[PDB]
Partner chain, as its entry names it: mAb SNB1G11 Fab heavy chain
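One chain comes next, on its own, written as structure tokens: the form deposited without the partner chain.
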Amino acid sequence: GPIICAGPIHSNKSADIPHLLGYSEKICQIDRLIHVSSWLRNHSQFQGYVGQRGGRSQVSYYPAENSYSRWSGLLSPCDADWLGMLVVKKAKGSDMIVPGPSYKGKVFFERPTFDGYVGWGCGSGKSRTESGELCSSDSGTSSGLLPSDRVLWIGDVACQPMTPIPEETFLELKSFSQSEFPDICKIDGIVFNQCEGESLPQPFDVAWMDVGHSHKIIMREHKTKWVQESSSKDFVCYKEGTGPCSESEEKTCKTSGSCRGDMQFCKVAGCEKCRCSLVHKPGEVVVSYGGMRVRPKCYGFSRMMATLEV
């Protein structure tokens, strides 16, 4: 289900998309896929919205079985983009579209890549071919008010605020990860290992964590503990009936103990209009890998492109 806001029913294809400053306001926008609509408008000359009637909870995932999507509060890359935690970059030509997802008819798809996050949009009136590589005309998208059907998120991914690590420990992890995957030559066009000869690229479903340096750390064997840190980001605030609280209202709730809430929120922030509650999510994920513990920015199991030693 949704985090705060029930799915959007839009009318004005041409309605502006406001920059809302409250955190719960931004989560509300994320619930209604307004961030992805914003993305399409900005990058691929698209009028209107995606997410009609379904919102974020009806988005399409590759793989279709999504563990992290059953947790309404786990942040997808796109969600993280809207919260300024990372950038889902507009695809360049050299960005690789992985095979396997049912791209046909999609209007937007994103995937974690080895060195970032890439998103692919189609203009107004167009959608993707099966290969994902071309935007061709589609009369079913004429409405400009398109169902969540048309949004594709690749990967079992959770993003979250990160405890930045020094370059030293990133280099150690990058090296550890190189020795775990000695036969990988490049991932998503990035040199992973030095290779003399190299296979044709092929899909690669790999576990990875983003620890905020030049590229991700793909992992063979790792352990994950989820910890509920009950920080302010873990709570959303809403007025009864009328959706999310104001930026100002949310702030005083989370800093002054003057609003109503559920039992965890009252414990950490205080309680005596707005109500704040725990978002449904397992917590922040801590990764043990390379004999290190680390709080990554994103964590996931996603498809990328790899070549192998020949």
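Residue numbers count along the first chain shown, from 1.
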Fill in the blank from the handout: For the neighbouring pair residue 272 and residue 273, the stretch of deposited sequence with no coordinates amounts to 4 to 9
Handout entry: Mean temperature factor over C-alpha atoms, higher-scoring stretch between 88-96 and 224-232
Key = 224-232
Handout entry: Of 32-40 and 240-248, the stretch whose C-alpha atoms average the higher B-factor in the entry
Key = 240-248
Practice task
Sort 195, 157, 135, 118 by C-alpha B-factor from the entry and give me just the highest.
Solution key: 195
Handout entry: Within-chain third of residue 114 by Cα B-factor, per the entry
Key = lowest
Fill in the blank from the handout: By the entry's values, the third containing the CA B factor of residue 4 is the highest
Handout entry: Where the record places residue 302 (Cα B-factor, split into thirds across the chain)
Key = lowest
Fill in the blank from the handout: residue 292: CA temperature factor from the record, placed by chain third, in the middle
Completion exercise
Here the Cα B-factor of residue 101, set against its chain, lands in the third termed lowest
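Only in words, not in the display: the form deposited with the partner chain bound, which the text now covers.
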Completion exercise
TL;DR on 218-226, 74-82, 233-241, 168-176: the one with heavy atoms within 4.5 Å of the partner chain in the deposited complex is 168-176
Practice task
Report whether the minimum heavy atom distance between residue 20 and the partner chain in the deposited complex is within 4.5 Å.
Solution key: no
Practice task
Verify the contact flag for residue 15: yes if a non-hydrogen atom of it lies within 4.5 Å of a non-hydrogen atom of the partner chain in the deposited complex, no if not.
Solution key: no
